[PDB]
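Here the structure comes first, spelled out in structure tokens, and everything after it is commentary.
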Amino acid sequence: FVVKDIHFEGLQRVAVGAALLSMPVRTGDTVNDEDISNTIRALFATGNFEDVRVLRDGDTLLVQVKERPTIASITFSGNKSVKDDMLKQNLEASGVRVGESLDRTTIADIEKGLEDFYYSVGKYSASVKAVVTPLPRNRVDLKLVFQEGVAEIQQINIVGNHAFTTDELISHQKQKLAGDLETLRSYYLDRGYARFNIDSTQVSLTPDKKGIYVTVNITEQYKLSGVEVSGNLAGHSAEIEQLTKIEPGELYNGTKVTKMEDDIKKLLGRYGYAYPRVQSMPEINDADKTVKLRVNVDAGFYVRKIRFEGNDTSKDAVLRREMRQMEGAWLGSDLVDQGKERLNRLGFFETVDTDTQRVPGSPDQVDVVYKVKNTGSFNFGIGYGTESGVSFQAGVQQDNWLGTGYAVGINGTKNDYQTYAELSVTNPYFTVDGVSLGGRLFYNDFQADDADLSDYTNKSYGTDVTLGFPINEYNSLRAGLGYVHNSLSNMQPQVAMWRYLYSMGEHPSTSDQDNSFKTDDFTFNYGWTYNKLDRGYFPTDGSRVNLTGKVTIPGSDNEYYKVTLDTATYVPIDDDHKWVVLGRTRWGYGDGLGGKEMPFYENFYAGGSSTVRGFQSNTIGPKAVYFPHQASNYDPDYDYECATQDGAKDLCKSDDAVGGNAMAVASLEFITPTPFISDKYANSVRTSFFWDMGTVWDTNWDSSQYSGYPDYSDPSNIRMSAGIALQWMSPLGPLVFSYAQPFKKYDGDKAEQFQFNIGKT
Amino acid sequence: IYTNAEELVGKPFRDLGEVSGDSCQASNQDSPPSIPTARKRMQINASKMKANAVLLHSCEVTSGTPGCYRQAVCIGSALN
């Protein structure tokens, strides 16, 4: 067929010139049907035409074309994991990018491909959908919607193990496990399998992206033959034999060897050699089926600088003491280890390490550099109890506050009764012994009424410095000086209280509530303590005794001494320490010196959860003996104590406690395991059967003058209460249920059968 | 010292056991319960057990201690 004209239809983004030649036929050529399915397959093989039809007109040869749609943009939706550029990156490589003309036959293949990439992270299956939105002229927007779901695991199996059962190995989120493989490799090396090898690790999978199986294949036997030391030993050959000691029947272990390699290296380090080298080569004997260890030792002064780095909170002066050797002096590798812990013990940092660097232009000098890595600590509590009621307490701590080494604690407390606020500066390791400086500045607002006592108010302030120097690790002694100022006010007149006021030389009205007393006291405080408790929390054996002794130093308005002693003793009954016998005792006795009396705010009191359970807080001891008085806010059909306005003409016996100068309490508990709680968590729970005994009295009481009144000087009146106690470390915080029955109770003693207290931090 | 278990996710550690540290307050008119002294007394326990940092479980202030009034006790795990 003679072609005298050729024309192309549907050409847009592809010019004539292109087509004209990139087809075998041309104007003036003779054409057959062979040249048809060559021309077509050739123009199709241009990869630029959506579709092609090349056929003959009478004289003309006409090309009917549809050009491929040119990509204008590639948009992605649903791809939370894979970055949009990353996803574009994969596509650009495949052949699909903006400007390229898309092959509407490969979308499926593009889908398979992106789906294929999606194994990169956890999604081993998902669905990618092609939106191929048309645009102007013959352009297209290929949008991609990703249905990506996110890895699963339940079976971890070992094949080729004859030395151990799979379960026996299982004795010790899974997305990537590398260190864990090394840990289970060490399982075999620890049992003597030096010729143990992991041949392969397969990750099998079920149809969905959520179902993984881990198969670890193994090749597992050997033991120790002996240790042979050889090198420039530096004459310490006598010592090294002790380090390389071996027990007969020792199964080989590469870490224990390294421990010895480091121990030799440490010894030679202690002897002044900076870089001692210890190498070990194992002589493999498959014949004996035992390795013979060949150890090559190669032993290789002064300190210009002792550097401090990482101290971005603690200034570069406080840390200058925590070690066992000075700068501009000889190096002692052991002295570096002795003082190594000294930085950790402070709890001022987090991580601490050493580095020994050679001094620039020196053949013997080395700079020892210690790298130290938060100091602000915030502690907040809120509780509820029988004593304290709703109790608020908070403390702010800064251990390296503005680089002083001293720790500053600002703590505030508010119970139902007293409100306490203190500012503290502490140094737990001020000197060689481990002596502290218990600096304290404070404020205490005391409300006697809320403390279940006879009414009075004490607002007090002052300071204390207490230096505690340890003696025995079991015995610790503390001693210090304290100044206090107490402004007593609003005291409801009673014999007992007034008695003391008369001792001081102060004489107020016994019919008026209007009164105020101000004292300034200086005191010398001492406190001995012994502790041989096996555990600070829930002890099961040992004993703790505490002694407290206050004494007024001349110049103070008051003149008294106070002495208390706390005893706690635990005695275990079973070999597992689950059944214990407890013995608590508290003694207390203070008194006036200058013919005076000890202040009533410094009295001892018994009762509550604290002491003698079963009784209301502080209810034990002497009771008030009120004087007839006129109440300020007097209202009838309201109860008052010995109010003249209620018809009071003489002294009144009462129920309100006042406490006293002498007191003693004791308890004999019997700890047992909690009844139904499992051993798995039965370490947080303490049941207890206690027998409590207690008394408070007043040695300054006048039995003779007040005949119509009980003898508040008689100590013979012992109260006793027996019960059950339960302590838990519930999530809420610490707690106790102390249900007691006070069988032995005396006059007006108020009962409180169910007691308890809770915390939080 | 470590607070949570997430901080050590994927690390080779040796758990020496359990260590405790506490501060005691005998009466109302005495020094307050010192939680930072209880965190340190737990670390010296872990350093007699010989460890770098301790895994702190829960610092709580006890109400019922048979020797005091309030005692702040910090429970932890000694790690190498």
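Numbers in chain A come straight from Swiss-Prot, and the residues shown are 24-173, 175-196, 215-262, 265-344, 347-419, 422-809, in order.
Even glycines carry a Cβ here, placed using N, Cα and C.
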Range among A:325-329, A:449-453, A:689-693, A:804-808 that Swiss-Prot annotates as transmembrane segment: A:804-808
So that I know how the record lays things out, could you check whether A:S508 and A:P763 fall in the same topological domain in Swiss-Prot, i.e. on the same side of the membrane? no
Measure the gap for me: Cα of A:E262 to Cα of A:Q265, whole Å, across the 2 residues nobody built. 6
For the transmembrane segment (A:804-808), which partner among A:484-495, A:523-535, A:733-745, A:768-777, A:779-789 gives the most CB pairs under 8 Å? A:779-789
Which of A:484-495, A:523-535, A:629-639, A:768-777 has the most Cβ pairs closer than 8 Å to the transmembrane segment (A:709-718)? A:629-639
Under 8 Å for C-beta pairs, could you tell me which stretch among A:484-495, A:629-639, A:733-745 has the largest tally with the transmembrane segment (A:768-777)? A:733-745
Spatial neighbours of the topological domain 'Extracellular' (A:790-803) not adjacent in sequence (6+ beyond its ends, CB under 8 Å) are 434, 500, 655-657, 660-665, 667-668, 671, 702-703, 758, 765-770, 784
In this deposited model, 2 residues are left out between A:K419 and A:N422; how far apart are their Cα atoms, in Å? 8
